[PDB]
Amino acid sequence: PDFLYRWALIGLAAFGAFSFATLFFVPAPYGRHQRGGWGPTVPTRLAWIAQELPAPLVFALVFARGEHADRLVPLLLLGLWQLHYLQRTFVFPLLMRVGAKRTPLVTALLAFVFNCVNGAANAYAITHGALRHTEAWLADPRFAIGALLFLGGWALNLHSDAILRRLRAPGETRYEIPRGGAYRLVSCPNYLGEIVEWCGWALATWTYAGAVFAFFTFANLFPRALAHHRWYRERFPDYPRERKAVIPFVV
C-alpha cells in the first residue's frame, strides 16, 4: 500500500532530478532531436498512443479502487486528469504530423513505465485511505486557484500544439518558424502550458504525488524547451531574437 507509494515517489523524484541534469546536455532523442544510434525504433504514432495510454487507464483503475471514488473533489480531480490525458492519448497523437515515421523504443518504454507509476500514484493519493479531499477543500482557495491554473495551462498547451500541426501538411517533415498565439513570446508555449498545468494539479491535489509530477514535468520540459530554442536559433537565421525559450521575457 503506502510502502509502494513512497518508493514510487522517491524513484520518480530521483528520476526527475537526474533527468534535469542530463537533459541540459543531451535532449531526449525523439522529434527534432532524434539521432541514430538510440537502439530499435517503433512507429511514431503508435508509440505515442501506447506509451500514454497507461496514464488515463491506470489512473482510472486505481481511482475506482479507492473508497472515496464517489466524492465530489476526487471526481473533479479525475475530470481534470482525464481531460488532459484523453486529449494527450487520443487527440494529440491522432492529429499530429509525424515527421519521422519511427521513434526510439527506449524513449517510448520510459514514457510507458513512467505513466504507469505516475498514474497509479496520483490516483492512489486521492481516493485511498482517509478522505483528505473533503468538500471543505472545495472551498479552499488552493483548490480553486489550482484548478484554474490547470485549465489555463491545459488550454495554452492545446492551443500551442494546434498551431504546430498546421506548420506541416500531412506527410510533410519540414520545420517552420511558429507564429501567433504565445509563440509571439516563447519558442515552446506548449511546454510552458503543460508546466503551469501540472503546477496547478499540484496545488489542487496538495499531494506528494501531484507535487512530484509537477516537479518532473518541469525537470523534463524546461531543458527540452532550451534545446528546442537553441535548435531554432541555429536552424533559422530568420528566428526572432526577442523570443525566450519557455518563460516570457525571462529564459
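Just count from 1 along the sequence shown to find any residue number.
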query: 125 to 133 set against 140 to 148, stretch whose average Cα temperature factor tops the other in the entry; finding: 125 to 133
query: Stretch with the higher entry mean CA B-factor, where the candidates are 112 to 120 and 177 to 185; finding: 177 to 185
query: Of the residues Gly193, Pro27, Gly200, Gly37, the one carrying the largest Cα B-factor as recorded; finding: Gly37
query: Maximum C-alpha temperature factor, selected from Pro104, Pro170, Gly79, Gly153; finding: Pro170
query: CA B-factor placement of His33, once the chain's modelled residues are sorted into thirds; finding: lowest
query: Third of chain Cα B-factors occupied by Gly210; finding: lowest
query: Third of chain Cα B-factors occupied by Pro54; finding: middle
query: CA B-factor placement of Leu94, once the chain's modelled residues are sorted into thirds; finding: highest
query: Lowest, middle or highest third - CA B-factor, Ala47; finding: middle
